[PDB]
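Take a look at the structure set out below.
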Amino acid sequence: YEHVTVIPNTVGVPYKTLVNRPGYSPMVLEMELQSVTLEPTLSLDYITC
Amino acid sequence: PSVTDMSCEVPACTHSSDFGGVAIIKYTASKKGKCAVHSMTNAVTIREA
């Protein structure tokens, strides 16, 4: 079974979602974000002293 | 044996090529014994005898 959701970009706040499938009991999941990191690509030009 | 008061409830149904339904029936009986079940429609078939 495939399920899709969207979560805002905030650290330290839990969120909940509902899974509903005919013929079965419902299910609830809880999700929380801990860290997000960005990293660029670099190239060297010259140095000074 | 004889049975006098009954009700019907259907918690699930799915019209697949297999047996995709379940039903629950309440009853009151005068004594212990055996009984037969049978449907009165042509579009619905029952497994139990």
Checklist outcome for this item: For chain B, averaging the sequence separation of alpha carbon pairs under 8 Å that lie six or more residues apart and dividing by its residue count, the contact order in percent is 36
Item to check | segment A:1-26 and chain B: distance between their alpha carbon centers, rounded to Å | outcome: 37
Checklist entry - Can you give the mean number of other chain Cβ atoms that lie within 10 Å of the Cβ atoms in peptide B:10-16? => result 1
Checklist entry - When a footprinting reagent is the concern and you count Cβ atoms within 10 Å, what order do A:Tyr15, A:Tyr24 take, fewest first? => result A:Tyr24, A:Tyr15
Checklist entry - So for A:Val4, A:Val13, fewest C-beta neighbours within 10 Å to most, what's the order? => result A:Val4, A:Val13
Checklist entry - Where in chain B are there trypsin sites (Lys or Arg not before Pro) that are in a DSSP coil and have at most 12 other Cβ atoms within 10 angstrom of their Cβ? => result B:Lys31, B:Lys32, B:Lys34, B:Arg47
Checklist outcome for this item: Of the candidates B:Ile24, B:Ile46, B:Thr4, the farthest towards the positive dipole end of chain B (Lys/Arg Cβ +1, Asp/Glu Cβ -1, centred on the Cα centre) is B:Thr4
Item to check | Neighbour-count order for A:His3, B:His15, fewest beta carbons within 10 angstrom listed first | outcome: B:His15, A:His3
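Each reported figure results from applying straightforward, stated rules to the coordinates on display, with no laboratory input. Please note: Cβ atoms are built from the backbone with ideal geometry, for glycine as well, and neighbour counts cover all protein chains shown.
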